[PDB]
Amino acid sequence: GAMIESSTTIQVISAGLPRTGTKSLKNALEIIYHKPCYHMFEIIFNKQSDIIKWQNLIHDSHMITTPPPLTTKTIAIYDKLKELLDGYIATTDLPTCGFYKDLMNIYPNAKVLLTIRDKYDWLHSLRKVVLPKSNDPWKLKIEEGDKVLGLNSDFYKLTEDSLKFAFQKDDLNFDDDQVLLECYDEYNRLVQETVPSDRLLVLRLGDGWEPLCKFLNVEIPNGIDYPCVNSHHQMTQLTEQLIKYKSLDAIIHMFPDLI
Ligand SMILES: Nc1ncnc2c1ncn2[C@@H]1O[C@H](COP(=O)(O)O)[C@@H](OP(=O)(O)O)[C@H]1O
Ligand SMILES: O=[N+]([O-])c1cc(N[C@H]2CCCNC2)ccc1CO
């Protein structure tokens, strides 16, 4: 097709939870739009100073009133969301995903995606990467790799608090598998009920380019397979390699599409 000049503003809001293909989707949107897409990895590798800004936004989020109409204090929070997202064309992953309903109002011309997968596969992936059980020794290896990246308790609070925000729950027993499975199902159901159908595309993990591209009115990138990155196995290798080399820059060339 023809080449058109696309606006550098949030055009796609992805409500999918972590471990539902968000990093692949991030990569795919960057291939389509040639501008950056937000993701937790943006925070980790490019913008660690934004950790505190997101935590502040989550803390004050109780002041939001579901619009319409727009109250004054909702606007103060909405304005900070826009600043954090300046220069990006899309959002995925924590901490943004729980803000999907507010992002729809801030960016009324944006389309909304929901990525879903088998709930047990999701839980098992989350346990290996994001939220191991308290008694799991792997939790200590994840912590040791995070130190190499400059991440500490503040980053852990943002991860946990942004999941609590997405699930709308302060008393979340992160060690309880049944609790997390119920929150996952209820979250995904609630997105489908909140977003107008003309604005929403529900994607199952592994669907590939075609439905996404039709939804966005763009051509399929020629000669490019749909990204497949960020498996729990690859996340395990990253953690092990960070612990071994004690720096990111010594190993970054080994993860070309992930990082
Ligand atoms: N194109 C694709 N097809 C199937 N699964 C994919 C995929 N891209 C990513 N994934 C899976 O999505 C999960 C990563 O999601 P996120 O990037 O949101 O953390 C990983 O699951 P596993 O941990 O089960 O391998 C990864 O294997
Ligand atoms: O799903 N992830 O990839 C994901 C991973 C982490 N922690 C990883 C980051 C890299 C160092 N080792 C620990 C934190 C949040 C998310 C949510 O995106």
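Atom set for the values below is all heavy atoms of this structure, side chains included, hydrogens, waters and symmetry mates excluded. Start at 1 and go down the list; that is how both ligands and their atoms are numbered. Positions are given from 1 along the sequence.
For atom 10 (N) of ligand 1, the candidate residues are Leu17, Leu94, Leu205, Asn230; the nearest heavy-atom contact is made by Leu205. The heavy atom nearest to atom 2 (N) of ligand 2, out of those in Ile243, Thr236, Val129, is found in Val129. Summarising the contacts of atom 4 (C) of ligand 2 with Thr92, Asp93, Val130, the nearest heavy atom is found in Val130. Selection from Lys26, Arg117, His124 by nearest heavy atom to atom 24 (O) of ligand 1 gives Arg117.
Judged as a salt bridge (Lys or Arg N to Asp or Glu O under 4.0 Å), and not counting sequence neighbours, the contacts of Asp185 are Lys119.
For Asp146, the closest heavy-atom approach to ligand 2 falls below 4.0 Å. Residue contact check for ligand 2: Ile44 places a non-hydrogen atom closer than 4.0 Å to it.
For ligand 1 and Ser125, the ligand atoms under 4.0 Å from any heavy atom of the residue are 21 (O), 22 (P), 23 (O), 24 (O). Remark: ligand 1 atoms within the under-4.0 Å shell around heavy atoms of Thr22 are 15 (O), 16 (P), 17 (O), 18 (O). For ligand 2, the atoms lying closer than 4.0 Å to a non-hydrogen atom of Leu149 are 10 (C), 11 (C). Those atoms of ligand 1 with a heavy atom of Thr20 less than 4.0 angstrom away are 15 (O), 18 (O). Ligand 2 places these atoms under 4.0 Å from at least one heavy atom of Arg19: 1 (O), 2 (N), 3 (O).
Inclusion of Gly21 in the set of residues having an N or O under 3.5 Å from an N or O of ligand 1 is warranted. The shortest N or O to N or O distance between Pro227 and ligand 1 is below 3.5 Å. In terms of polar-atom proximity, defined here as any N/O pair under 3.5 Å, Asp121 makes no such contact with ligand 1.
Between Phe99 and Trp54, the ring center distance clears the sub-6.0 Å criterion.
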